[PDB]
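Q: After the structure tokens below, expect a handful of questions from me.
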Amino acid sequence: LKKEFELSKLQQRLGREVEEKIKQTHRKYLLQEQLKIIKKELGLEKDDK
Amino acid sequence: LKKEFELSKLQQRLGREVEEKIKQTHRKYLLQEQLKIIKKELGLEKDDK
Amino acid sequence: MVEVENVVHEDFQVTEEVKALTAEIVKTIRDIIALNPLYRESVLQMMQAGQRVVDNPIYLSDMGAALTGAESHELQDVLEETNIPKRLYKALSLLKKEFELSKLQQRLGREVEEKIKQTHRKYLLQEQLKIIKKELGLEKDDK
Amino acid sequence: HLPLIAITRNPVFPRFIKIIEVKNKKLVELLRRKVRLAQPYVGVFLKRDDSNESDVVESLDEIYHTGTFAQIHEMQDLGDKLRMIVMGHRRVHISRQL
Numbered sequence: 366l367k368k369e370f371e372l373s374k375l376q377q378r379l380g381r382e383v384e385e386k387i388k389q390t391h392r393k394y395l396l397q398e399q400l401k402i403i404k405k406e407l408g409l410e411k412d413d414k
Numbered sequence: 366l367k368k369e370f371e372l373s374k375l376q377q378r379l380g381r382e383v384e385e386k387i388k389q390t391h392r393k394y395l396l397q398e399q400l401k402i403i404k405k406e407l408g409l410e411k412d413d414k
Numbered sequence: 272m273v274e275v276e277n278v279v280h281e282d283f284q285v286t287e288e289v290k291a292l293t294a295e296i297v298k299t300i301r302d303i304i305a306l307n308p309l310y311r312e313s314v315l316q317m318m319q320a321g322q323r324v325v326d327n328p329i330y331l332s333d334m335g336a337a338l339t340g341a342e343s344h345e346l347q348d349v350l351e352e353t354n355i356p357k358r359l360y361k362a363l364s365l366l367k368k369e370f371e372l373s374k375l376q377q378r379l380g381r382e383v384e385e386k387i388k389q390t391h392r393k394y395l396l397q398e399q400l401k402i403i404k405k406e407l408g409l410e411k412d413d414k
Numbered sequence: 123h124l125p126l127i128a129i130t131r132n133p134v135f136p137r138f139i140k141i142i143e144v145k146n147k148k149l150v151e152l153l154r155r156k157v158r159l160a161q162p163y164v165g166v167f168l169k170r171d172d173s174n175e176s177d178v179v180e181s182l183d184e185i186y187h188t189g190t191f192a193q194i195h196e197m198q199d200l201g202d203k204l205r206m207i208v209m210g211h212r213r214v215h216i217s218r219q220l
């Protein structure tokens with residue numbers, strides 16, 4: 366049972382790691398996107414013909 | 366009901382007046398808040414163009 | 272070092288309608304902790320204005336003004352004020368000043384996310400259009 | 123008759139429990155000098171704009187005249203060697219901090 370258990374707990378750590386990496390990806394993408402919208406709507410209100 | 370309405374009215378009006386005097390704070394302060402937000406989620410040295 | 276408790280705290284004898292601004296301060300604090308949750312909201316339920324347990328109102332106003340994120344200097348400025356309505360006015364001002372930024376950030380987040388949804392949802396529609404014109408009609412628009 | 127405390131970026135709002143964890147070990151000397159008193163206490167003051175620790179030990183004007191004395195509860199020192207607890211209990215406006 367423990368022989369199965371070691372792999373399971375390892376898989377659990379691996380799964381949370383891969384998923385949290387996806388979250389750290391997209392959460393930071395939301396932050397950068399917010400950064401852009403403030404640079405576009407409020408900051409750089411120029412850049413046009 | 367009249368006394369409560371006069372109290373609620375004077376409180377809402379005095380608070381609306383304080384709120385109007387706070388809206389006098391310029392929108393630049395808001396743009397600075399978003400600016401600090403841009404820097405809080407950006408970081409790094411100026412290794413830009 | 273010499274020190275003295277020169278804690279001035281004048282208040283009107285008639286204390287019935289004087290706590291109504293406090294009511295607005297706690298309403299703004301309830302709106303700040305509901306729309307911008309910082310700390311748990313159970314503490315606001317522990318220390319209410321209706322319990323008559325506020326033996327030290329100055330302390331209650333300071334604890335309510337402490338949730339504001341205004342810079343320390345502003346706190347010193349609130350202490351410089353001697354009159355009681357001036358500090359109440361400043362505490363409310365600090366709260367609203369934070370409140371506008373909070374509301375901007377929240378509106379922006381929901382707006383930007385909905386833009387992402389309108390992005391991908393229109394892509395789902397385009398995918399359905401393709402798929403429904405994938406195994407239905409086979410256009411011969413080639414050489 | 124104690125040296126001024128090194129707040130070191132730690133706001134202590136009045137009547138709001140707070141924790142202070144300075145990295146410096148010179149305040150620990152002060153923590154050892156107040157264990158002999160029967161009623162120990164500590165004061166909390168505020169720093170002015172553009173914080174700078176070297177002027178606090180050189181000059182005494184950076185800190186504001188206002189102070190908030192209160193009593194210490196208990197030390198823990200989980201990570202650092204200076205884990206003091208602060209509170210806004212007794213407000214005061216010193217005439218001259220000098």
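Chains as they are written, first to last, in the deposited numbering: chain A, 366 to 414; chain B, 366 to 414; chain C, 272 to 414; chain D, 123 to 220. Ideal placement from N, C-alpha and C gives every residue a C-beta, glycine not left out.
#1: Which whole runs of the alpha helix (DSSP H) in the stretch 301-335 of chain C are 4 residues long or more, in chain order?
#2: When you compare the stretch 391-398 of chain C with the stretch 361-378 of chain C, are there three or more beta-carbon pairs, one atom per stretch, that lie closer than 8 Å?
#3: Measure the CB-CB distance between D/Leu-159 and D/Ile-129 and report whether it falls below 9 Å.
#4: Could you tell me the alpha carbon to alpha carbon distance between B/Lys-411 and C/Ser-343, rounded to whole angstroms?
#5: Below 8 Å CB to CB, which residues in the same chain sit around D/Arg-212 once its five sequence neighbours on both sides are set aside?
#6: Counting only Cβ pairs nearer than 8 Å, list the residues of chain E close to A/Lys-404.
#7: Check C/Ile-387 in the structure and name its three-state DSSP category.
#8: Taking the alpha carbon of C/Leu-331 as the point to measure from, which residue in C/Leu-315, C/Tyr-310 and C/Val-285 has its own alpha carbon closest?
#9: Please tell me whether B/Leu-395 has its Cβ less than 9 Å away from any Cβ of chain C.
#10: Starting from the beta carbon of C/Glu-281, find every residue of chain D whose beta carbon is closer than 9 Å, and list them in chain order.
#11: Can you list, in chain order, the residues of its chain whose CB lies under 8 Å from that of D/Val-214, leaving out five sequence neighbours each side?
#12: Determine the DSSP secondary structure at C/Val-349, reduced to helix, strand or coil.
#13: Is any heavy atom of the ligand ATP found at a distance shorter than 8 Å from the C-beta of A/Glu-371?
#14: Measure the Cβ-Cβ separation of C/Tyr-360 and C/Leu-338 and say whether it is below 9 Å.
#15: With respect to the beta strand (DSSP E) encompassing D/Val-214, which residues constitute its N-terminal and C-terminal limits?
#16: Residues bridged to D/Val-164 by DSSP?
#17: Would you grab the beta carbon distance between D/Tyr-163 and D/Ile-194 for me? Rounded to a whole angstrom, and I think it's under 8 Å.
A: Quick answer:
#1: For the stretch 301-335 of chain C, whole alpha helix (DSSP H) runs of length 4 or above, ordered along the chain, are 313-317.
#2: The answer is no - the stretch 361-378 of chain C does not touch the stretch 391-398 of chain C, with fewer than three Cβ pairs under 8 Å.
#3: Not a contact, by the Cβ cut-off of 9 Å.
#4: The alpha-carbon atoms of B/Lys-411 and C/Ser-343 are separated by roughly 29 Å.
#5: If you ignore the 5 residues before and after D/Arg-212, its C-beta comes within less than 8 Å of the C-beta of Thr-190, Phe-191 and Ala-192, all in its own chain and listed in chain order.
#6: Of the protein chains in this structure, namely A, B, C and D, none is chain E.
#7: Helix at C/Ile-387.
#8: Per the Cα distances, C/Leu-315.
#9: For B/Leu-395, the answer is yes, since a Cβ of chain C falls inside 9 Å of its Cβ.
#10: Ordered by position in chain D, no residue passes the 9 Å Cβ test against C/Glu-281, which lies about 16 Å from the chain.
#11: For D/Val-214, same chain residues with a beta-carbon under 8 Å away, outside a window of 5 residues either side, are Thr-188, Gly-189, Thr-190 and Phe-191 in chain order.
#12: C/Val-349 falls in the helix class under three-state DSSP.
#13: With respect to the ligand ATP, the structure shown offers nothing to examine, as it has no ligands at all.
#14: The criterion of a C-beta distance shorter than 9 Å is not satisfied by C/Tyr-360 and C/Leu-338.
#15: Looking at the DSSP string, the run of the beta strand (DSSP E) that includes D/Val-214 is 212-215.
#16: D/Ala-192.
#17: Contact holds; Cβ gap of about 7 Å.
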